[PDB]
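Trainee: Return a 3D structure for these sequence lines:
(4 chains, ligands or ions: 4)
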There are 4 protein chains.
Amino acid sequence: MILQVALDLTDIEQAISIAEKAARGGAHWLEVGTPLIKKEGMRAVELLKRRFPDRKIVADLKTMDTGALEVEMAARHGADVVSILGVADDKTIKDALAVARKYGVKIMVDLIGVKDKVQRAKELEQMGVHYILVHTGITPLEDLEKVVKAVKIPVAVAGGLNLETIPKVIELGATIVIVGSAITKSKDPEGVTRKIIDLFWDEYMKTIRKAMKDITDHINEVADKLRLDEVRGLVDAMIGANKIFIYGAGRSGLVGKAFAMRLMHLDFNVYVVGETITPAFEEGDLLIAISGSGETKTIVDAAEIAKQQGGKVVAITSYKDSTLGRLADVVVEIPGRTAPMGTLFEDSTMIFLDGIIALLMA
Amino acid sequence: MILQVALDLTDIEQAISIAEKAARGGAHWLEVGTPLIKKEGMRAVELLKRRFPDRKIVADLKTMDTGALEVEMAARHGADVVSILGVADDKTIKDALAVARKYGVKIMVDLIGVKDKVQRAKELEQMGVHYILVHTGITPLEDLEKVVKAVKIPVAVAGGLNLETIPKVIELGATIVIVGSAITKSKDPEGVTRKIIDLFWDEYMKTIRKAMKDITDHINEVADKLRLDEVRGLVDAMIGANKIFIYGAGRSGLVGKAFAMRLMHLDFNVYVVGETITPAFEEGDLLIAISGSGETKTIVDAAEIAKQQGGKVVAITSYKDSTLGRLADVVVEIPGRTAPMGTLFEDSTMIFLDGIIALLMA
Amino acid sequence: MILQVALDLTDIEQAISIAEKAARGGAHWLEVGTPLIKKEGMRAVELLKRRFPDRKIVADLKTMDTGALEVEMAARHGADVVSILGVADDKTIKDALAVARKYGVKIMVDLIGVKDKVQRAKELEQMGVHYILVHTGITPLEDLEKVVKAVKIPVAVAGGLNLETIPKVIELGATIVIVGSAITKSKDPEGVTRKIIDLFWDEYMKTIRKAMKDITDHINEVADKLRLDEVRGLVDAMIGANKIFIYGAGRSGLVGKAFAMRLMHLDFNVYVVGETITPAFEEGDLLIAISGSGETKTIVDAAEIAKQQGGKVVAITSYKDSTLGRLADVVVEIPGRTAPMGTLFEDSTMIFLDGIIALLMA
Amino acid sequence: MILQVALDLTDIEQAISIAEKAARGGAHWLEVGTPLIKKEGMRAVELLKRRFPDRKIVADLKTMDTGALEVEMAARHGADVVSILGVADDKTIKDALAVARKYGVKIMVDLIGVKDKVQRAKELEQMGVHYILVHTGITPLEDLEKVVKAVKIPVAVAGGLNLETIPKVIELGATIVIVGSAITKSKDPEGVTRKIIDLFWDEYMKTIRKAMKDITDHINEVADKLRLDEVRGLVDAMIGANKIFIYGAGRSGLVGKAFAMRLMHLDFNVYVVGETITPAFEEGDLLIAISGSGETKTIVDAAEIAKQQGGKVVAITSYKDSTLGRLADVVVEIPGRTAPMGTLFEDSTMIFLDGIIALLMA
Ligand SMILES: [Mg+2]
Ligand SMILES: [Mg+2]
Ligand SMILES: [Mg+2]
Ligand SMILES: [Mg+2]
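Mentor: Residues are numbered from 1 along each chain as shown, chains lettered A, B, ... in the order given. Ligands and ions are numbered 1, 2, ... in the order given. Please see the structure below:
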C-alpha cells in the first residue's frame, strides 16, 4: 500500500514541516497541492524533491489551465507523479502521457466531475494511465466499489480518510491512500502516520497468510487427486533403473535437486543433470524430466536423447499431451492452477516428491 | 512391504515352477519350507537361489533340531534369510546370529510357542534379531497387534492369508506378508501375486497422501503463528538494503536460491552466496541466513563476516536462541513439530518465502 | 604398468609364502606356473585366489594339450587371466575366448614359437585377444619392438628380467612385466618387488612431466598465432556491452566461470548462464559462447536467442565455420593439434582468457 | 593506454569540431586547454562534457592563479580530470585533492618547472595524486625514464608526439599519451587517431602474448620440480580410497571440479564438495583439499572433519607448513610465484591435474 500526504496548505514552511514528520512516520508519497502551486512556482515541487529524494513527489495539477507543457514543467522540477483531471480532453491526456514517457513519470487522473466514472476508467487504462483517483464522498465508498472492480491499474482514493475510515477503503481494494487533515492537523503528525502504516501491516499479514494457505489448499487437492498409475509408474521406474537422472528447468530444477538430495540418502544411484559428476546416460537409466509446461526446450532435448539411448522417461508436467508428455513412459500430471501457475506447480511438485520419499522410507 | 511365498510343497520341480509364476507377479521373497528341506536336501535352497538371483530365498528351518550347523549350511547354500523358533535357547539364537553375521544374512524368529509373546519379541530385538514372525490365529490378530506395538524391527505374519484377510494384517502394521496356498494352490498363481501387490499399493497411496497432508498441516500452523515483528523485520531489511545475499545450508540452500530467483524478477540487487557471480559484502548489504538448527558452521561464519563489514543479518531458523540467532538483527522463527525435522523446516520456509513474494508483488 | 610374478615353483606352500611377500611389495598379478598346475591340480589357482582376492591370479596353461576344457576349468577355479600359446589353432583360440567371455576373464597369448611374430599378433588382436606375451631373448628385445609397434592391446614381456634389464623393456612400451627368479629366488622378495615398482614410477614421472609440457607447448603456439581482429573484437565487444553473459559446455563452462569471476572484480556487469542469479538477455547485452566443436546444442540455442534479442555474440571455438561460428559477430579461433582434443582447447582457452584479464588490468 | 587530445586552440568552434572527429577515431580523453579557459568561461568544459558524455574531459588549469576553488569550479562544470602544476604549494594540492574526493574527480600534476622531478613525484603519490604529467623535451625522454621507474601511479607524457615518436614513449611505460598538433593540424584528424589506437593495439597484443607465456613458463618450472613423494602420494591415495571428495576455494574450486569431471570418466567414485549429490564422508574416503594459501577457513574445516572421520587428506597448496598442510597426509606444493600469485597457482594446478589424468590413462 501507499500513503500519500496531501499538503493542501498555502504556507510553504508549514507544508515542508509536515512532510518531514510524515516522512519519519513512514509516508511514501508527498503531494504538493494546487494551493501551493499557484502562490509558489513549480519550484515548490523542486524544494520538496531536493529535500526528500527518497520519497516520490506528486504534483497536483488538477486545474483546467493544465496542458502538456505544465506536465513537463513538473517533471523537470522533480515531480515523480503528476495528477490531472478526467474531464479534460483526451488529446491533452495522451499529450501528457507522451511527456511522461520521455521522463519516466507516472500519471494520475481524477474523476471528480465525470458523469459515468466507471465507463471513463476503462478507456483511461487503454491509453496507459498509471493511476486512477476517486473520492470517497464522506453513498460513500460506492464509487470505490465499481471503479476498482472495472480496471486493473492501481486506484487512488481520497476524502475524509482517518484512522476510522482508512480500514474501509483498504478492504475495497484501494492501492493509494491520500490523507490530508488527519495528519496535517494533528498534535503528532508522525505518530498518526505510524498508526496508518500499522493498518497497512495488518493487511500485509493477511496477504502473506492467505498466500500461504492458498498454496497449501492447492497441494491438498493434488494429493487427493493423485492416480495409482502415476505414483506407481514413477516408483517402479525408479526401482528398476540403473542410474537415475533428474532434470528440471529454472525453479523446477531446484525442486529436482532437493528431491535428488533425499534419494541419495536412500542409496539410490541418482544424479543431477548439469552438475559436475553427472555421468553418461546409458541403456536402462531413467530420466525424471520436470517441466510445468512440458515444452521447455532443454528438458525436451534431454528426454529425446534418453529415449534414443534405450532409457525410460518420467515426465512431471501440468500438460500430459505436451511434447514432453508424449515422449514419456509415465506422465505425472501436476496441476498449476494469489500465486502464479508456475509457483503452484513447483511447490506442489516439491511436496509430492517429499511424499514419494516418505513412501520409500516405509 | 514384503511378499513372501511359502513353498511348503514336497515336490521340488513343482516348487520352482510355481515360484517362477509368483516371481513374475512381483513376489519378493521365496521360502523353501521344512517339508522340502527334509525330503530334498539343503540343495533345495541352492536350486532356488541360482534360479532367482534377484529374489531373496528364505530357508525354513523352523524345527528344534536346528543348530548353528544347519543355519550355517543355509547361508553356504545361498539362503538370504533363515527362520528359526523363538522357544529355542538364547545360546543358539546368538550362535545363529553370529553365523548369520559372518555371511551378511538376516535371521527370522517365530513366536509360535512363546508364553508371553510381547516380552520375548523385545529381548529378541536386543540380541539383534532382524525379523519377528507371528501367526494370525485364523482371538485372531491379537498377537499381531502387540508385537507390532512392541518392537521397531519388521514383523512377519502368516496364517490363512488370502485376498480378504491380507488387508487387515497390513492395517495392523505387518511388514512381511507370508502367503502359501492362496498362491501355490490356485489356478493362476501369477495373477493372485499381482493382486496381492495391488493390495500393497492401496496402502502406499494412503501413505503418500498422508505424508503430503502432514506437511501442509504443519505449514498452515506456521502461517497462523507468524509474528508481525519477524515478517516486517525481514521485509524492511530487504527494502532498505543495498545488496541482498542469500545463504542456506544443503537443502535449505536450494530453498534460498528459489527465493532469490523470484527476488531478481522484482528488481532487487540479490545474490546467492557460493555461486560464481557473488560479489563482496559491503556496508549496507543484507545477509539472509537460512539454517534450521542455527548452528551450521559455514552459515554462522558468513553471518559473522557480514556483521564485521557493517551489514545486517536476518536469520531464518527454528531456534531463535541459536548461535546464528544471537548474531542476527532479525530472527524469523519457523516453528517445528511422518516428516523429519529438516523436511518440515525446509518446506515451511519455502512456502513462507513464497508468501513474502506475493506480498511484495502487491 | 603391471607387475606379474611368475610362480614357477612346484612347491605350493612355498609359492603362497613367496606370493605373500611380493603382494606386500606391490605386485599386481600372480602367475601359477605350469610346473604347479601339473604336480598340484587346478586347486593351485583356487588356493591363490582365495588368499589374494584383491590380486589377479594368472593361470599358466601354456602347453599344447590345453583346450576349452582346461581354460574353462581355470575360470571356474578363480583364474582372472589365462595364458595360452599362439601356435595353437585359431579354433581353440576363439573357443578359449568365448569361454573367457562367459566369465569376464582376460586371455593372454604367447608368441614363443611363431614364425612371423608381427603378423600373428595383429590377427590375434582381430579375434579379441586381450594381451600378447613376447619373450626378451636374453637379437634381444627386437621382438618387443615390433609387437609393440603393431598392436594396440597391452603387450606382456618375460625373459631374464631383473633390476637392470627391466628399465629397457619399459622404454620399448611393454605394459605387463613378468618377473620370476629375480623376486622368487631372492633374500628379500618383498624388497625387490618395491624396487621394481620404483622403476615403474621413474617412467610415471616422465609421463606426467611430458604430459604437462605437451599442453604448455600447444598453448605457446596458440599465443603466437592469435589474431588482432579476433582479440580486439572480443575486447571491444566486452567494453561496449551492457551485460555480459558467459556460457560454456561442460568443462568449457568451468573455464567460462573462471573468466567471469575475474571480470566481476573488474566491475563488469557479468553473469554466468545457468546459475541462479542470471537475468534476462536484453538489447545491447553480449553473449560469450565457448564451445570447442561449435556444435553444442545448448550453446547454439543460447546464441540464437541472443541474436533475436538484439545482442552480440562472441564465439570462442576451434571451428570458425561451425554452427556457432556462423552465428557469432566475432569468432575467436583457438587452434587445435598425449592430451585429447577437448583438453587442449579447454586449457588453451583458460590461459588465453587469463591473458585477456592481464590486458584489461593495464 | 589512453589517448588525450589537447585542444590548445583559442577558437571554440574549431576545438569542438576536432574533438568530434577524434572521438570517432577512438580518442579517450579530451583536454580543454588554458587558451580556451581564459576566453571562454568554465562552461567550455561543460560544452564539451554535455556533447561528449562518453568521454572524460580534462580541465587544463596549469596556471598560478589556480586554487582549490578553481578545481571545484571545473568539477561542477563536468571535468572528469583536473590538471595543475607541481611547483604550487603543497597546501593547494591537498586542498585540490579533498575537493576531488568530494566529486570523484582525478587530479593530474605537471612537473614542467620542478627542479628535481624524480624526488617530487614520490611525495605526490603519498598524498593521493592520481596522475603525473611530464614532458618529452622534443636529452629527450630522459625525464620519462626516471619518473616512471620511481612511482606506481600512471604517468602522462606530452611534447611533440606523432606517429613517429609515440611508439617510443609507450616503450618507456607511459600510460596517458597527450597529442595535440599531430591530430588537430592534420587533413584527417580521425584517420590519424586510428593510427595511434592501432599503435596501442600493437602493445596490447604483446601484453596478452607475454601474459600467456609468463604463465606457461611458470608451469614448466612446476613440472620440472615435481617430487616423487607428491605425485605418488596423491596417486596412491586416490587408488586406495573408497570415495574421493574434491574441495577448492573460489577459482581453485573450479579447477577442482574440472579435475573431478575427468576422474569420473576413469570410473573413480569421485564427488565434488558443495554439489547436490555429495554423500557423507566416511572411513577410508579421501579429501583432496585445494587452497593456495593453505589457510582458507572452509577448506581447513573440511580437512579437519575428514581426519576425524578416519580418512586421508591430500592438500594442494603453495605453503606446505600452512594449517592445511600440517593436517594433510600428502602435501603437493605448487608455487604461486604479470599474473597474481593466485592465478599462477590455479593455472599450474589446472595443468598438473591434467598431467595426473594422462598418467592414469596410461
Ligand atoms: Mg489531492
Ligand atoms: Mg511360514
Ligand atoms: Mg611366463
Ligand atoms: Mg596540455
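
Trainee: Am I right that residue A:222 sits in a helix?
Mentor: Yes - under DSSP: H, G, I helix; E, B strand; the rest coil, residue A:222 falls within a helix.

Trainee: Surely it and residue A:336 touch.
Mentor: No - with contact defined as Cβ atoms under 8 Å, residue A:222 does not count as touching residue A:336 (10.0 Å). (C-beta placed from N, C-alpha, C; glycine too.)

Trainee: okay, and the common contacts of these two?
Mentor: Each of residue A:348 lies in contact with both residue A:222 and residue A:336 under the rule Cβ atoms under 8 Å, 6 or more residues apart in numbering or on different chains.

Trainee: interface residues of chain A facing chain C?
Mentor: A:274, A:276, A:297, A:298, A:301 (Cβ under 8 Å from any Cβ of the partner chain).

Trainee: if you set the cut-off to 10 Å instead, what comes out?
Mentor: A:250, A:251, A:253, A:254, A:274, A:276, A:278, A:297, A:298, A:301, A:302, A:305 (Cβ under 10 Å from any Cβ of the partner chain).

Trainee: Take those residues and lay them out in CSV including neighbour count.
Mentor: Below are the residues of chain A next to chain C laid out as CSV (neighbours: other Cβ atoms under 10 Å in any protein chain shown):
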residue, neighbour count
A:250, 16
A:251, 24
A:253, 25
A:254, 25
A:274, 20
A:276, 24
A:278, 19
A:297, 14
A:298, 20
A:301, 14
A:302, 21
A:305, 14
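
Trainee: from those, which ones fall inside helices?
Mentor: Among those, the ones falling in helices (DSSP state H) are A:251, A:253, A:254, A:297, A:298, A:301, A:302, A:305.

Trainee: quick one: which of these is nearest residue B:9?
Mentor: residue A:305 (48.8 Å; Cβ to Cβ).

Trainee: Looking at the residues of chain A next to chain C, spot the one nearest residue D:244.
Mentor: Taking Cβ to Cβ as the measure, residue D:244 lies nearest residue A:276 of the residues of chain A next to chain C, at 12.5 Å.

Trainee: how close does that closest one sit to chain D?
Mentor: 5 Å (Cβ to the nearest Cβ, to the nearest Å).

Trainee: Spit out the contact partners of that residue.
Mentor: C:250-251, C:253-254, D:246, D:254, D:256-261, D:264, D:270-272, D:274-275, D:277 (Cβ atoms under 10 Å, 6 or more residues apart in numbering or on different chains).

Trainee: Show me these that map onto strands.
Mentor: D:246, D:270, D:271, D:272 (DSSP state E).

Trainee: hmm, the helix or strand where residue A:355 lies in reach of chain D?
Mentor: Element membership for residue A:355 (DSSP states H and E) is helix A:341-360. No - using Cβ under 10 Å from any Cβ, helix A:341-360 stays clear of chain D, coming no nearer than 13.7 Å.

Trainee: got the angle for that helix vs helix B:341-360?
Mentor: 170 degrees (axes from the mean of the first three to the mean of the last three Cα atoms, to 10 degrees).

Trainee: so the residue of chain A most remote from its centre is in which element?
Mentor: Here chain A reaches farthest from its C-alpha mean at residue A:283, the gap being 45.6 Å by Cα atoms, centre = their mean. Per DSSP H and E, residue A:283 falls between elements, in no helix or strand.

Trainee: Can you name the residues that contact it?
Mentor: Counting by Cβ under 10 Å, 6+ apart, residue A:283 makes contact with A:242, A:309, A:310, A:311.

Trainee: just residue A:94 next, same as before
Mentor: Residues counted as contacts of residue A:94 (Cβ under 10 Å, 6+ apart) are A:68, A:127, A:128, A:129.

Trainee: got the phi/psi numbers for the first one?
Mentor: This points to residue A:68. Dihedral angles of residue A:68 (phi, psi; degrees, to the nearest 10) stand at phi -70, psi -30.

Trainee: Likewise for the last one?
Mentor: Backbone dihedrals for residue A:129, given as degrees, to the nearest 10, come out at phi -60, psi 140.

Trainee: Look at residue A:3 and give its secondary structure.
Mentor: Recorded secondary structure, residue A:3: strand (three-state DSSP).

Trainee: Looking at the contacts of residue A:283, which are in strands?
Mentor: Those of these lying in strands (DSSP E): none at all.

Trainee: Show me where the stretch 101-250 of chain A has its helices.
Mentor: Counting by DSSP state H, counting those that start in this stretch, the stretch 101-250 of chain A has helices at residues A:117-127, A:142-148, A:166-171, A:181-184, A:189-225, A:228-239.

Trainee: Columns mean neighbour count and distance to residue D:175 on top of these, output as JSON lines?
Mentor: Below are the helices of the stretch 101-250 of chain A laid out as JSON lines (neighbours: other Cβ atoms under 10 Å in any protein chain shown; distance: least, Cβ to Cβ, whole Å):
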{"stretch": "helix A:117-127", "mean neighbour count": "15", "distance to residue D:175": "54"}
{"stretch": "helix A:142-148", "mean neighbour count": "18", "distance to residue D:175": "63"}
{"stretch": "helix A:166-171", "mean neighbour count": "17", "distance to residue D:175": "61"}
{"stretch": "helix A:181-184", "mean neighbour count": "20", "distance to residue D:175": "58"}
{"stretch": "helix A:189-225", "mean neighbour count": "18", "distance to residue D:175": "54"}
{"stretch": "helix A:228-239", "mean neighbour count": "17", "distance to residue D:175": "63"}
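
Trainee: Make CSV out of those and add distance to ligand 3.
Mentor: Formatted as CSV, those follow (distance: least, Cβ to the ion, whole Å):
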stretch, distance to ligand 3
helix A:117-127, 92
helix A:142-148, 95
helix A:166-171, 94
helix A:181-184, 102
helix A:189-225, 68
helix A:228-239, 48
